[PDB]
Amino acid sequence: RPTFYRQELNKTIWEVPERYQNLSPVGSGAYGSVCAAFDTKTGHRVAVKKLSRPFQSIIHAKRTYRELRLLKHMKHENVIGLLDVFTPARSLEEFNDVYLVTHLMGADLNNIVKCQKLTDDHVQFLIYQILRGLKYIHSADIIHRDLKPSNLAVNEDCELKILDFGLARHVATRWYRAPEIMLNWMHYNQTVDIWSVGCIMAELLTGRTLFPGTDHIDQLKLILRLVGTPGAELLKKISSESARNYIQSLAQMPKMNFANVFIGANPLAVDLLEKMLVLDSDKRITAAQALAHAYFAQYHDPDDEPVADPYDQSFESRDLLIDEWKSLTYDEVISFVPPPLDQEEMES
Ligand SMILES: CNC(=O)c1cc(-n2ncc3cc(Nc4c(F)cccc4Cl)c(COC)cc32)cs1
Ligand SMILES: CCCCCCCCO[C@@H]1O[C@H](CO)[C@@H](O)[C@H](O)[C@H]1O
Ligand SMILES: CCCCCCCCO[C@@H]1O[C@H](CO)[C@@H](O)[C@H](O)[C@H]1O
């Protein structure tokens, strides 16, 4: 067991192994509090995330366990991978905090979009990497649920990683969210993530948020203006008569021609955007289909787009006591094994 030390940053107490020095805040959010640090054992900068009140309620306890299970499973070049997991607790009875460590990226995608106007080639490589990491996530029967520029970060080579997963089941921008999430549809497709990819791609191409809604209804207002009011084939799938009547009451909006909306973009990029930003989720392109789209011809390698090991998420169906959730999390902390050092990291 390493020696821990305590330190206050922007009003939150941090207790970490001595290996981690130079703690500086990165951000404070609903996910948790996040610091940058220098890992004196590896010589790399890391991001450290302290779970906020992990066992305050059944919901929070399950959500803590969910996040740790998820992150322990993720081993892919374009997905956040866990370098370390620790708690200052010496015993399960003392167990009340969880810290998660990953490599510190250079910049998130809000900062790249504000820093430069990306070339088409850059947009290809960034979106390709998101879809590559997404193929992996969907292959484990996971929906990310919260792809957005601040959950996407890159290094000096524009190598990209998908970060924090959406932990809601059954503060946080709406701008990249699939309309069916906002409307309580309840049996979501993995293609909610594909909707979010399309919103991101649009923004990378234009420099501007595609759908910057002011609130929940505005968000859907802006979506329907671009993709149109729902077609007959989609209306067939909506049980509620009152819901259909309200839609039929709207000013009927046609789908806009994306070639005109994104005028100047690579026609292949526009074609791919049309296949992502479809209202009907059954008709959105999948991550694996999108990687085979001609827009990615320069980067697509069918033999280097790996899939995930099966992911046992039978826990999602459990209703357990808070003490069991806390206990199962603690077992996961204890059993964690750090990945190996890279080959490039060692010499002769
Ligand atoms: C110079 N560098 C920069 O400015 C930036 C670096 C990053 N960056 N790099 C990695 C990383 C990981 C997380 N989350 C996290 C974590 F900290 C630890 C373990 C697990 C997880 Cl999911 C977050 C917070 O989520 C938004 C930001 C992160 C973002 S801007
Ligand atoms: C008031 C206008 C809102 C329109 C929202 C679309 C209605 C979505 O409603 C959904 O329809 C699904 C299929 O019938 C059901 O499975 C879901 O329970 C229901 O919420
Ligand atoms: C009708 C109000 C505007 C929102 C349209 C969103 C339609 C999303 O598409 C729907 O996704 C559901 C899964 O969530 C599927 O069950 C439905 O089959 C599919 O049509």
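Just so you know, the sequence shown maps onto residues 5 to 174, 183 to 360 in the UniProt record's numbering.
Note that the Cβ used here is the ideal one computed from N, Cα and C, for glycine as well.
In this structure, ligand 1 has no non-hydrogen atom nearer than 8 angstroms to the beta-carbon of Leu13.
Distances taken from the Cβ of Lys249 to the heavy atoms of ligand 2 include one shorter than 8 angstroms. In terms of Cα proximity to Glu336, the closest of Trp18, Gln25, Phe59 is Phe59.
Under DSSP, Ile166 forms a beta bridge with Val83, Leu156. DSSP places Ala277 in the coil class of the three-state scheme, outside both helix and strand.
The beta carbon of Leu238 sits closer than 6 angstroms to those of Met268, all from its chain and outside the five residues before and after it, given in chain order. Under the DSSP assignment, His107 falls in the beta strand (DSSP E) whose first and last residues are 103 to 107. The continuous beta strand (DSSP E) containing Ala51 extends over residues 48 to 55. For ligand 1, no non-hydrogen atom lies closer than 8 angstroms to the CB of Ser208.
A direct Cα-Cα distance of roughly 47 angstroms separates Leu291 from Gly47. Apart from sequence neighbours up to five positions away, the residues of its chain that approach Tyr200 with a beta-carbon distance below 7 angstroms are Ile147, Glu192, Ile193, ordered along the chain.
Distance from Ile212 to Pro153 at the Cβ level is roughly 6 angstroms; contact confirmed, criterion being Cβ atoms closer than 8 angstroms. The shortest C-alpha to C-alpha distance from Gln325 to any of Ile62, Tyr24, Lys76 is the one to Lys76. Per the C-alpha coordinates, the member of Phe274, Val345, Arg173, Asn159 positioned closest to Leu217 is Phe274. The beta-bridge partner set that DSSP reports for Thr226 is empty.
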